[PDB]
Amino acid sequence: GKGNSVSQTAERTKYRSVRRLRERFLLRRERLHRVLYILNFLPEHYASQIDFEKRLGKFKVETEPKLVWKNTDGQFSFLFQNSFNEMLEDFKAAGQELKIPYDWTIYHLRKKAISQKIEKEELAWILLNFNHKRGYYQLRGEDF
Amino acid sequence: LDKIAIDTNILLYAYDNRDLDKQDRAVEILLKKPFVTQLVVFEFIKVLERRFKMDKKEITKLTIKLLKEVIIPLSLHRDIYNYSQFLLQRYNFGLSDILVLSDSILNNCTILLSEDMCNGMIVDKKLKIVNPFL
Amino acid sequence: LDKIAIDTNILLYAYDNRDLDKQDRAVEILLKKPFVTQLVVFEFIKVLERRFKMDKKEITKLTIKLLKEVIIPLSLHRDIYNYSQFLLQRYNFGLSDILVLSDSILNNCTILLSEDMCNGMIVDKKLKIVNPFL
Amino acid sequence: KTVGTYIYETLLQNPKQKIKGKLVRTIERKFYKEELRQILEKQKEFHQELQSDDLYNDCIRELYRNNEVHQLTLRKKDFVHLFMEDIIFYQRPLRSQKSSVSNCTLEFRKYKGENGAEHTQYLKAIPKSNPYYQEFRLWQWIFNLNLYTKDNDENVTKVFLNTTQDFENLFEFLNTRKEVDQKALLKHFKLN
Amino acid sequence: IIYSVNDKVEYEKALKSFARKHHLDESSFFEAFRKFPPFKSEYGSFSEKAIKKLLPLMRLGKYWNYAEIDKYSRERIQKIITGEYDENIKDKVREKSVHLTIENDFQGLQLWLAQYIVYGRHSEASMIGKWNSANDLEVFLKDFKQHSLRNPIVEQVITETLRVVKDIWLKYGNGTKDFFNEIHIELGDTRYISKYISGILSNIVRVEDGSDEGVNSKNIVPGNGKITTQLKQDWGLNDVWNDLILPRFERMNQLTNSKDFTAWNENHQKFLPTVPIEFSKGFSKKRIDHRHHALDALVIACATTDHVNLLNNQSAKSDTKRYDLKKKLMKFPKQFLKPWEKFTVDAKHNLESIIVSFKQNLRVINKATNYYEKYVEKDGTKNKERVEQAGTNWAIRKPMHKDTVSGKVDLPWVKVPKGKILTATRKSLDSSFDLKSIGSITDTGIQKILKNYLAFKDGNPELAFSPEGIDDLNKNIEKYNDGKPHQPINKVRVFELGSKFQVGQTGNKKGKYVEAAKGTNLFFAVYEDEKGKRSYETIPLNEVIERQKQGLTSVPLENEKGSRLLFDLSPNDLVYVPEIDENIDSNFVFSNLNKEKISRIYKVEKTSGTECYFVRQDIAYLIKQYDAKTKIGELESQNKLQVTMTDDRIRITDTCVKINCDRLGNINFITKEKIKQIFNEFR
DNA sequence: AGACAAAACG
RNA sequence: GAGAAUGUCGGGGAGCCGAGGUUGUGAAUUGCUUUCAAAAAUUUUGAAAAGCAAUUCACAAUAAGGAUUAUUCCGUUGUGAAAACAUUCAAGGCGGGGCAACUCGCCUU
DNA sequence: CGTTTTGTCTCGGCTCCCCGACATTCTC
Ligand SMILES: [Mg+2]
Ligand SMILES: [Mg+2]
């Protein structure tokens, strides 16, 4: 009587659009994986678990690799120690604390890359992080 | 009041139309949802594929049809072989007929419908053969 | 690690001594207590009574002996006919062989041993036929 | 400063800050694109692999082994364009809806398919912005036009549009405009 | 250029290229045209070709020239001026084209004239059409296109109406031509289906003699609520309906232990159904059943064109001219005469023997086709084209699970009965957290802190767990945690003990536990053992998915104990519950259906575990629903019962027997002819 | 808001 | 009644994108419970492990699943037994458009 | 076991096709 998405077809289309966005994000990630592997940027432990022959760029079945966490004999260790130490130095200068999660180093590298050299694995981490968050954009544009 | 089973010949006479009266009689039985033994089903499949050469697809579809709506298959009883050996000493029939009777009795079937089994004969005081077409 | 079933031909080659090597191979299989389908048992009984004319008593006794000590019968699965119809579209074999494969798969059998079934062929990604005598 | 360093400094000041979903939820893609362009440009000055034309060609073939046209087009670009423009920030355009446009009620076409049948293809309607449709509509309006006098409400027409010259004049006047109204049309004939 | 290149970079490149090919300075040109507003999306009735054809005829003066008229139109012009005879030219033409004596008269032609001249049809004359059998109707149904009407609801209603009309035609007239002498329609927003259905159905009741011409056949007689209600009141069908629905109202009286649901009246000397004012929000005596639709159909069917004319134009301007219709149709103006003597008796006897037929949607898996772009190698060349996906790829036609995903936990301090698991999900901390709820948090330190805070707030969650209260608690978490520090609290994992299944089996999907989606318990299996006792089960949608993928039946034919499957029930299925004394083992004989038998027909509504809820087939809306406060309802808390509504109150699933009904509500039971045909079709 | 699916309460 | 044109209000379908939430992996910090495992006066303090979490960050999945390597996808819609379909669907040619892929029109069967 | 109570994924932008209802002018 009033009308509120009262249609099975509309709901199906909504689900389909969600799935399509997800699939295209995955495709972008896989293409990044392939390009970086050819460029020889990915860390060896990370690259080892990604298929590059049949299921291109995809993770090998029953694996959840992390670019920065290396698993040696069941123990996970952070990959970028010196960058973490630099971030801790900056935090100490800011006078806050000296105990922070390792993964915060991504933002310190993002700041540092603007005017300093960073390791290639760090660049790959940064690029995938950018792929994760793309931002708002309108196709037409037409600056008002 | 009395569990009733059937043999292959009943369903064959149903499937055959050369003999209108006998086909009618057999179809009349089937209106009562009579029980049946899986070996009857398998033998029916064989005869269908050999004498009538009907397609495998059609025979399977009709088997499913009948087993779903008309008749009721009887679960195979694990004591069929031992009982059949028990029946063989006192009874001299075809081992196939003996197996059919063994499974029918093991499922408490009270009446078996068939022609080529010496009608009226009682098997171990538990199941009397009935010849319906007479 | 893999459920194993057999067909009639294995037990026949066991029962036949014209071919010492093949009989030996078939008996060698039987040392592993392979599973089997009731339809295999019935077909074995028929072939025994037709080709070899063996007595009903002796055939029944041997069936009981084998089913008791060597092999393991597989309970008939009520989904045999529907699955067989499902298999018929993708597979063109004898309806008897299709029924045997249907029951074997429905019982989680992982390997079926037989000759006249186009060895090495995989049935619905669940059971690979193995030809042992080669 | 770029979004990354903004987040970094907000994190330095308040180590308890929630970033995802609280500090920055959604912002114009221009911020991300600018930050990534700056980062890639700066790093291209240090890592030789970003300057190896062989590696650029290798990546292009990897992604576009079957599209020689796009390979050739990309061969004139660099890793910066490949990373931002083609891979990360590539947004597909809308699908064409022209196939769903209605069909003409008058003109058909007939053709015989591979099945030995003879079936009809339809002609799509004309976009109303088309000059042809504009002319058609303008002629229709001209023909339907007819004037009346306020005082006695009589069909005063046939005295101002009676010869083909009058109609040619009206059509010439209408073409030059984009819209007509009471005052313009009445003033045309000198009427008020 | 403006219309086809709808893209910024493309548009500027096209602009610059155009400015180069034509010797125009590309300095102010792009500035002028870089901000051209895009054309609005709208299209005309005709294509470009038709407009090009029609313009030459419409133009006049210097813009008009004879040579601009195509060959066929010029031939037609020559024929018309000549006045000769052509089969493609009608008499109405020469009537209209009397003035077009000379070729020069073919100037300034309006749309209709030029249209006819170019194509030879005086605009759209329609085809009227006439169906000669049910084959035409079924073809119409087959070629119907989806999404072709206002909304899915009207489309579904119209399509089902057409299917029902076809079924009636086949059953009662063998689909023979002009079997239906006349068709009447009524609706009682919904107006949309008023005209489309009449237009479609005119093809069945039309006359080809030329008398019946128009948008709708003269035999289609739409009614109005006035005629229907006045016939119903005058004809006493209101009395029949009241009698039919009364027993529900005495049942409600017993249930309430009162007498406010039935009112004595002395003018008729009987009880009339009624509702107390408090339960009179939107009550309507008609909508509480499904048979009033049929009653209205019956009322409409006997209303002749005279009745509708009389009650739509009762204004006569003179008593005499409409006195004839009054006498022919009204007893002496007091009441209308019955269509025949026993109309009330026939209507009662028919209404009491109407089985409601319910449409069912049991789609689970359906084949789907996937075409994707891909480079194919043909004739030594790689070309992009659409390849079809191989293998069997099913599409699941139901939601497999609810959206919320919970994690599995093991709390030593809670007892887990066998066959059940604990699943915890995050929830926001708000005023809805009382001690009972606070007892369902997995973390014990959080339980301690929350209990302490709530106690400090007089044990009032509304005050304790308001946003201000939560802020204060986070500020001072020390005081409620024995002084030991603690991270702020914003969300807490609450656990529930139940039966939740994993979402999948790959990756981390094994760590996701979900509940069955709404309306997915579509199958309810009933087995029976050799003894006779019945076993009941509810098959999960997933198991049904594998079973149907394997080509097997949805419900297993045998349970774990080996009890044979008696049958499976699904929502909207109809079952018959025999009387307590009745022994329906091989009954059948589903033709002698009297009011008593039909009164014992129930419809499945929902299922869970071993529980199956039923509602009598003729019930549409409850007299009163259930409210947690008053705690009364026509069918208790669930608005549906596991047992019969009659005083016997027997378990329906214990003795019910499934039945099968067609679109027209006729039961189907195996018969001699049926069995014969079963393998006659194979013979 | 509605009504299913199942926990929860006796 | 039908047709053409121009406006107002609604409805339907499809498409390109965005932000969270949830579950799980790893980490930083702080807790609750149990057991070990000591010191001390049944009770108090300390190390370790396990269960449950909290705050924050990186990452994985997001209908089970099935394709594919195109900058492609199918999976909650309808019909109904064919487990088959609808929702893409011919050929040419003459042009417009672009860094080109690709896109928009015209003409004849 | 029989009955009642309870919880159930949520929000933003923009474009491009179609249909219908109601008005106005005109024609058949
Ligand atoms: Mg026999
Ligand atoms: Mg064989």
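Chains as they are written, first to last, in PDB author numbering: chain A, 50 to 193; chain B, 3 to 136; chain C, 3 to 136; chain D, 290 to 481; chain E, 530 to 717, 930 to 1073, 1092 to 1442.
Built from N, CA and C at the ideal position, the CB exists for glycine as well.
Query	Result
Element boundaries [beta strand (DSSP E), containing residue 1284/E]	1283–1287
Own chain partners of residue 660/E with C-beta closer than 7 angstroms, once the 5 adjacent residues on each side are dropped	666, 944 and 945
Identity of the residue in 1125/E, 1133/E and 543/E nearest residue 1143/E by Cα	1133/E
By C-beta, the residues closer than 7 angstroms to any heavy atom of ligand 2, given in chain order	9/C, 10/C, 45/C, 96/C, 98/C, 99/C, 102/C and 118/C
Residues in the segment 51–70 of chain B having any Cβ partner in chain C nearer than 8 angstroms	51, 58, 59, 61, 62, 63, 65, 66 and 69
As assigned by DSSP and simplified to three states, the class of residue 320/D	helix
Cutoff 8 angstroms: residue 349/D Cβ touching any chain E Cβ	no
N- and C-terminal bounds of the alpha helix (DSSP H) containing residue 1033/E	1033–1043
Rounded separation between residue 1406/E and residue 1358/E - CA only	13 angstroms
Opening and closing residue of the alpha helix (DSSP H) in which residue 940/E lies	933–942
Residue-level contact to chain C via CB, residue 104/B, 8 angstroms cutoff	no
Where residue 156/C falls, given that 16 or more other Cβ within 10 Å makes a residue buried	Outside the shown range of chain C (3 to 136) lies residue 156/C, about which nothing can therefore be said.
Coil, strand or helix - residue 488/D by DSSP	The question about residue 488/D has no answer, for chain D in this structure spans 290 to 481.
Expected contact under 8 angstroms - CB spacing of residue 576/E and residue 412/D to nearest Å	4 angstroms
For residue 982/E, the three-state DSSP class (helix, strand or coil)	helix
Per-residue contacts from residue 573/E into chain D (C-beta, under 7 angstroms)	414, 415, 417 and 422
Rounded separation between residue 675/E and residue 695/E - CA only	20 angstroms
Within chain A, the residues that residue 1266/E reaches when beta carbons sit closer than 8 angstroms	111 and 113
Outcome for residue 362/D when other beta-carbon atoms lying within 10 angstroms are tallied against a minimum of 16	exposed
Assumed close pair residue 1180/E, residue 1271/E - CB separation to whole angstroms, cut-off 8 angstroms	Contact doesn't hold; Cβ gap of about 13 angstroms is too wide.
Assigned exposure category for residue 23/B - 16 Cβ within 10 Å defines buried	exposed
Beta carbon proximity, residue 90/C to chain B, threshold 8 angstroms	yes
Cβ neighbours of residue 554/E in the same chain (closer than 8 angstroms, five flanking residues each side left out)	548
Positions along the segment 20–35 of chain B whose CB lies within less than 9 angstroms of some CB in chain E	25, 26, 29, 30, 32, 33, 34 and 35
Closest Cα partner of residue 27/C within the set 94/C, 37/C, 14/C and 52/C	14/C
Local Cβ density within 10 Å of residue 7/C, reported as buried at 16 or more and exposed below that	buried
Member of 1113/E, 1061/E and 1440/E whose CA lies at the smallest distance from the CA of residue 1350/E	1113/E
Counted within 10 angstroms of its Cβ, other Cβ atoms place residue 535/E as buried (16 or more) or exposed	exposed
Residue burial classification, residue 83/C (beta-carbon count within 10 angstroms, cutoff 16)	buried
Alpha-carbon spacing of residue 56/B relative to residue 19/B, whole angstroms	15 angstroms
Residue burial classification, residue 969/E (beta-carbon count within 10 angstroms, cutoff 16)	buried
Extent of the continuous alpha helix (DSSP H) run through residue 98/B	97–108
Distance CB(residue 293/D)-CB(residue 68/A) smaller than 8 angstroms	no
For residue 481/D and residue 598/E, the rounded distance between their alpha carbons	39 angstroms
Simplified DSSP state of residue 1071/E, which is helix, strand or coil	strand
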